[PDB]
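The listed protein sequences derive, respectively, from chains A and B. Under this note's numbering, the first residue of the first sequence carries the number 725, and numbering increases by one thereafter. Under this note's numbering, the first residue of the second sequence carries the number 171, and numbering increases by one thereafter. Every residue, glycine too, gets a C-beta built ideally from N, C-alpha and C. Read through the structure below, which is laid out as structure tokens, and then see the notes.
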Amino acid sequence: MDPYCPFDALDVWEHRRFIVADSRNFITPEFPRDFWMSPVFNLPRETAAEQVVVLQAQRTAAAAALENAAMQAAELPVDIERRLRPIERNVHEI
Amino acid sequence: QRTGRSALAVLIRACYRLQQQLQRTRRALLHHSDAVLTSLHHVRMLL
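Written as structure tokens, this is what we have:
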């Protein structure tokens with residue numbers, strides 16, 4: 725698991741003034757690596773398909789209530805013509 | 171005597187029953203729209 729590197733180590737001392745050819749070192753933490761713990765990404769069990777099932781069941785349940793309300797409100801036009809026509813005839817009797 | 175007193179009876183029966191005909195429509199058309207409101211309300215519940 726060691727990355728390949730031909731060269732071991734080299735040395736020409738670090739005078740703060742004489743910095744030339746500005747490269748950048750690999751910045752590392754001071755803590756032992758063992759707690760830089762492992763990669764884990766876990767799925768939500770509710771799947772893109774499962775939410776489809778749940779929301780479709782909800783849509784189909786709501787459609788029944790919408791149809792119930794429509795059929796409750798679809799009888800009012802029958803009520804108007806069932807209630808007012810006899811009243812119009814009674815007025816006509818005069 | 172019996173002519174004019176019986177002629178107004180038709181109008182009496184007409185008016186005292188037209189007073190009820192509209193009361194029935196007051197009651198019958200309000201106990202029905204409340205069902206529509208309750209149904210809309212239930213549909214709002216489902217969401």
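Contact set between residue i and chain B, taken where Cβ atoms lie within less than 9 Å
i	result
residue 798/A	Correct list: empty, because the minimum Cβ distance to chain B is about 10 Å.
Span separating the alpha-carbon of residue i from that of residue j
i	j	result
residue 795/A	residue 201/B	16 Å
residue 802/A	residue 809/A	11 Å
residue 177/B	residue 816/A	18 Å
residue 758/A	residue 751/A	17 Å
8 Å Cβ cut-off: residues of chain A touching residue i
i	result
residue 178/B	Those within 8 Å of residue 178/B in chain A number zero; the least Cβ separation is about 13 Å.
residue 201/B	Neighbours of residue 201/B on chain A: none; closest Cβ ~11 Å, over 8 Å.
Residues that residue i contacts on chain B, provided the C-beta gap is smaller than 7 Å
i	result
residue 811/A	191
residue 807/A	195 and 198
Where residue i meets chain B, residues with beta-carbon distance less than 8 Å
i	result
residue 817/A	184
residue 819/A	Past the boundaries of the shown model lies residue 819/A; chain A is included only from 725 to 818, so the question cannot be answered.
Do the stretch 761–778 of chain A and the stretch 188–197 of chain B meet, that is, are 3 or more Cβ pairs less than 8 Å apart? no
Output needed in chain order: residues of the stretch 769–797 of chain A with a Cβ under 7 Å from some Cβ in chain B. 785, 786, 789, 790, 792, 793, 796 and 797
Count the CB pairs spanning the stretch 210–217 of chain B and the stretch 784–800 of chain A that are closer than 8 Å, and state whether there are at least three. yes
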